[PDB]
Amino acid sequence: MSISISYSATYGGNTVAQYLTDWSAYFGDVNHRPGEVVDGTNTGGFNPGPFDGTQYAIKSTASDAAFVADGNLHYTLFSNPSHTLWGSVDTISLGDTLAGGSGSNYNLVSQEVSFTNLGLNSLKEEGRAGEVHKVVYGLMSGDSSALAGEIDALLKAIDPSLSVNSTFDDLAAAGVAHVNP
Ligand code: HEM
Numbered sequence: 001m002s003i004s005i006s007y008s009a010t011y012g013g014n015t016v017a018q019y020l021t022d023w024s025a026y027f028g029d030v031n032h033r034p035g036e037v038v039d040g041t042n043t044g045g046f047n048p049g050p051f052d053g054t055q056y057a058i059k060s061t062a063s064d065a066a067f068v069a070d071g072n073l074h075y076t077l078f079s080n081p082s083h084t085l086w087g088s089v090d091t092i093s094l095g096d097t098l099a100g101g102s103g104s105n106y107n108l109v110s111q112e113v114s115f116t117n118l119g120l121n122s123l124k125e126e127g128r129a130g131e132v133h134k135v136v137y138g139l140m141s142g143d144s145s146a147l148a149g150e151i152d153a154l155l156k157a158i159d160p161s162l163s164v165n166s167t168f169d170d171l172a173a174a175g176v177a178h179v180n181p
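Dropping the structure here:
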């Protein structure tokens, strides 16, 4: 299935690339790094978890920004290859004001953009070189490059004219993106 994008009308005139840069600047970096994960404040969480589920979500420690990844996800924690997120991601949703987690599915109250039918898939054995790992860990760490590259490849696979340098409105014109009510 080809990529499909939903977006808040607010961002219609933004390029996908520019939106991702800005969102990442707003989320910042949760400092999910050696020596810097010392409590539960920058781990994020799995649904149902603790180390697997159909969602991973994390809140910014710098702002209200948050994201949710939907799919079939597994985190190795200390087990070799350590600190690898692997499995499949179908959807990534970016925005503000995370809700749920506790019997409810994670969801953003302000879902700004959502990218679905991503068909990302990574095996455990790929370790931290897996596309799933790099995409999500990038977002955690203030670098939306990996996500941008993946969306870019999925748009181009539809047609070489479509890319992250298109606006959301451009992609809606091309039938690939859709404004949220
Ligand atoms: C429940 C969720 C998670 C928990 C409890 C968790 C726990 C940890 C802890 C405790 C560390 C630090 C280890 C140390 O300082 O010795 C760590 C590091 C790390 N975690 Fe996570 N983590 C979670 C989710 C994620 C996710 C979703 C990713 C990737 C998308 C990830 C990637 C990493 C990476 C790359 C490191 C750095 C390891 C290194 O450079 O050696 N973690 N994690």
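Under the deposited numbering, the first residue of the sequence shown carries the number 1, and numbering increases by one thereafter.
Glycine included, every Cβ here is placed at the ideal spot set by N, Cα and C.
Beta-carbon separation (whole angstroms), residue i vs residue j, contact threshold 8 Å
| i | j | result |
| --- | --- | --- |
| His32 | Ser141 | 7 Å |
| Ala17 | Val164 | 4 Å |
| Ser8 | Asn117 | Wrong, their Cβ atoms sit about 19 Å apart, outside the cutoff. |
Proximal residues to residue i (C-beta, below 7 Å), its chain only, five neighbours per side dropped
| i | result |
| --- | --- |
| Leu94 | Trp23, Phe67, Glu112, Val113 |
N-terminal and C-terminal residue of the beta strand (DSSP E) that residue i is part of
| i | result |
| --- | --- |
| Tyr7 | 4-7 |
| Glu126 | That residue, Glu126, is in no beta strand (DSSP E); it is neither H nor E in DSSP. |
| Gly71 | 65-75 |
| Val176 | Element bounds for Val176: n/a, residue is neither H nor E. |
| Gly142 | Where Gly142 is concerned, there is no enclosing beta strand (DSSP E), given that its DSSP letter is neither H nor E. |
Beta-carbon proximity list for residue i, same chain, < 8 Å, skipping 5 on both sides
| i | result |
| --- | --- |
| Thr97 | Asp64, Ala66, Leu108, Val109, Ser110 |
| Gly12 | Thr167, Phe168, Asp169, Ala172, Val179 |
| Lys156 | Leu162, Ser163 |
Boundaries (first-last residue) of the alpha helix (DSSP H) holding residue i
| i | result |
| --- | --- |
| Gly149 | 145-158 |
| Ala25 | 16-27 |
| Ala172 | 168-173 |
Helix, strand or coil at residue i according to DSSP, with G and I counted as helix
| i | result |
| --- | --- |
| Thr97 | strand |
| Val132 | helix |
| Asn42 | helix |
| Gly35 | coil |
| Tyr106 | coil |
| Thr10 | helix |
| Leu118 | strand |
Contacts around residue i, its chain only, beta-carbon distance under 6 Å, and the 5 residues preceding and following it disregarded
| i | result |
| --- | --- |
| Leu120 | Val89, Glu131, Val132 |
| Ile92 | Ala69, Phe115 |
| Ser6 | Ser114, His178, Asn180 |
| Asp152 | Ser163, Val164 |
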